[PDB]
Amino acid sequence: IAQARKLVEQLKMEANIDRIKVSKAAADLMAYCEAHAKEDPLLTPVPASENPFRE
Amino acid sequence: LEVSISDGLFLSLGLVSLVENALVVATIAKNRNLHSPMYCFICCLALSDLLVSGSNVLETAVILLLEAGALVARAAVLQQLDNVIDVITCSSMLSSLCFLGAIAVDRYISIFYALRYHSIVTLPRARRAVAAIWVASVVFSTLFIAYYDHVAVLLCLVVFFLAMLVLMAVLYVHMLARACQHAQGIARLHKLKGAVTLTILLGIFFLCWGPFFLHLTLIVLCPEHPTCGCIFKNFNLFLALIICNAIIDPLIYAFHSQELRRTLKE
Amino acid sequence: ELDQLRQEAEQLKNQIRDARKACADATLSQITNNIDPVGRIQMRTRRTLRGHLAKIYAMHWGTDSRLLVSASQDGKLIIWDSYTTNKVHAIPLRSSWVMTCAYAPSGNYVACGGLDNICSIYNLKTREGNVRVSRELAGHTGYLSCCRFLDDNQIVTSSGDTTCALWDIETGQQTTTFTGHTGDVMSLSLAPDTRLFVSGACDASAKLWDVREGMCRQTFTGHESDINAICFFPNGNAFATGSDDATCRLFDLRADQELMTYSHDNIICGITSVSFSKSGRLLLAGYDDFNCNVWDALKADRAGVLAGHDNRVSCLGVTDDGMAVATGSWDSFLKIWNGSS
Amino acid sequence: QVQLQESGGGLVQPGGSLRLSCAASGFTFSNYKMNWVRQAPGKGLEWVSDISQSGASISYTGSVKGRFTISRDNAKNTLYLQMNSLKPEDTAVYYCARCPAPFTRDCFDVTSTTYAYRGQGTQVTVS
Amino acid sequence: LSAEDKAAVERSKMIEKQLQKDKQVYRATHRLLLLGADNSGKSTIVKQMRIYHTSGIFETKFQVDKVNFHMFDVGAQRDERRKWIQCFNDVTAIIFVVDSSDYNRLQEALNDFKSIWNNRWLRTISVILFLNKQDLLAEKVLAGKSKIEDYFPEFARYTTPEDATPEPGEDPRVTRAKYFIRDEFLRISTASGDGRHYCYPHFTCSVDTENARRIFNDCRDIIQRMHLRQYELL
Amino acid sequence: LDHXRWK
Ligand SMILES: [Ca+2]
């Protein structure tokens, strides 16, 4: 009866999902970061001639 | 009794005042967040003191550099140069006194009428009052240094200082009485600093401006008597006292704010 | 009986923790120990947008990298040209206590809401040339903490009544409502491909929701206290979370667990807003201490600090070009930050 | 996950004594101010007592002041309520509750109808 | 600059002129949070501000001596309030209403007051404290059926302060209970109010006509205490 | 010329 039925249902819905290794997730994130390191103006400041925020 | 002032001390005291006044004005010209009736009157005070210290530094520099030879000018020009530097100095003092009164009135209209404060006092009206004070300061300073040998100018300058002293005293003493009523209300529920603050404000005001208008008064009431002579012989110290006031007032009014202390520390 | 459900939930939670532990083979700080440091990122306040009267509570960049919406509890939305400081609009709100605003990817509509419990969407470019409310979305039973546009006609919304909702704007009604948070949901973040959003909700937890299926796919539970801020990592497979723990944490939607915790013991105050940079390597976090910090998201080193504010930082966002960082705080100013070499 | 395993409740005769215990898990226990809350049947929730991070302050509801005492052990993350002079009106469910944020002393929301950082609780019966 | 860039500056200046006009109304209006439990008479207070005249918040506008007050009553929110309360860090006062007759609930009212008082962001905000329902308190203490000593054991060792100003014909029983409750809130206020903020206790009944006058005087004194402290005259 | 006036 009580609403704990929906909580346990959601837990079993969340238990069966697939889970890659943490090492693979980390590798994907750092591969993305390194794949966009030149494109990021905060990480890699473009020269002042092409910043709209001062000249 | 005579106190030696005429060389080096007077100049360096002026230069120190120049630094402190400019620092106040610069700290308000940057950091636009502070631009408000309260601190705009304080900036106008510091500007007036800046012109007091600058024009006295120019006066003592010109006089010193005319001394021991060096620069030479025909006296018929030099007397008018002196007249102009006096008119700028006197205008910047009468303006400084008026802005001390304006700070008094602003604070008063911010304790009494505390709720309607931002309807009564506004930055437009602050701008208008500042302009009116500078216009009046120049029109009177010019008139006074034209008719300077007539008694009426000296007497009116004295009367002006006495009225400003009365205005500040009445407003600040009324504000302190109200602060003491609030302190009693707090004590009644919960169960000196005000006096220190007020006596510093008025003490410095009266001590560092007062003896100069005393001098002017004695120039009217006892022009030629030895009983008055040691007041006249120490005139240069009374100007040094006004420059000392120009140094103390930034520390009483501007750097009293923590936010100004931060923006000065940078 | 309730006890049988409670113990079954207990054993399912242990199973989920076991599954997470089984894939936790190596921590991010091991894998990235060979990565070259970011260096001392330092940014100048390029422009200060000033003229809100009260504390700024929310802001959002447009998709053009140029226009800002900013919301202040004096009851005004100001739209700013960040290239010029020009106020291209200023909208008088129905109620002053705005707590969220959002700025549509079509650029044409702006939305805000808050303690009125109503989402107000404004059309910026009607034929009469003057702003007006196109819809008021009413039906949340609590203050709206966050809202975000999916489309010219769909807005996701977040409320203190523990629910999210997806609204059809034209008809003004909830298509779906997302339920199962135990506390005030504080921030949304939509995925770069608009099928998923995460939300954190004044319990230990952040939840991943499927906009089309209407259901919670995953639940993240690392934090000690209320999650104030949430932001997807630009790949869309991870998200960062800021909390009253005075910690940020990064979760991966596919290892289903924490990767890394950003925490310096010199700072003990809550996180108010979080944003990644375009590359994702810089994580930018706003604090109750009147500051923002910049973190190497791969190494958890505190790369930089943006100490420009007189009151708590309340909102924080990078442009979609990655070209500038906007910061807003209760001192009534938005500061725009960039580097120059 | 943040969890609070209240563990000590039971039945006593009037004048009896019980010692409630909460085991805290998933958070840096030493940073948080902590409370006990109870709910008599048919009443809403009510606050019983409070302890700061290191015991540097303790507070109680006036109905309890001499009868119950809180204790705390940061070295093993346990929170206690030693109850020494129980009375029938103490018949209630007792909940260990944590303040929302560390390093802060405004104990908001701890009595709220739904609240995250509060245990399942244990019933005490005084016959 | 030319063409649309000049028109953009022209629009920006028209906006600036409207913002300068709105700033005056914003600064000339005083904002208040009305806060109180469901048993407290905050609604009947609101309904009697009109002499002076699913939604999550309600707004009451009233005027005293040509000062404009905005008083906000929090509506259909959930009971957890630690997050939305942070919006009111820049009001003039919290008006906190208490049912002085519910001794069984006075303790939760005190814990609510402790929470409001010690919150980091409300640390500047003064509290106006309406100890409402004084008629019910008086009738309850006179009937004597319900005690206060078993709700607050230290009441038996509390004696009426010389601070007291009892109304005509008030029994010492009722006066001592009344001021005991008043001092119960003051102990909290005085424990941690480090000069930044104060509270203003008022005994009131729902039928009171003078409550807008009270709020006016309390706001006046709050701003005076603030500026006299800013001027170091206090 | 002197510092100031009425000396
Ligand atoms: Ca001269």
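Just so you know, the numbers here start at 1 and follow the chain as drawn.
How was it done? The header gives electron microscopy, 3.1 Å.
Including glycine, each Cβ sits where the backbone N, Cα and C put it.
What Swiss-Prot says about this protein:
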- C:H264: phosphohistidine (MOD_RES)
- C:266-307: repeat 'WD 6' (REPEAT)
- C:308-338: repeat 'WD 7' (REPEAT)
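Record features (the PDB entry):
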- C:339-341: expression tag (SEQADV)
Long-range Cβ environment of C:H264 (phosphohistidine), under 8 Å and at least 6 residues apart: C:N293, C:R302
The repeat 'WD 6' (C:266-307) - residue tally per DSSP class, helix then strand then coil: 0 helix, 21 strand, 21 coil
DSSP-assigned states of the repeat 'WD 7' (C:308-338) in counts, ordered helix, strand, coil: 0 helix, 17 strand, 14 coil
Tally of DSSP helical, extended and coil residues in the expression tag (C:339-341): 0 helix, 0 strand, 3 coil
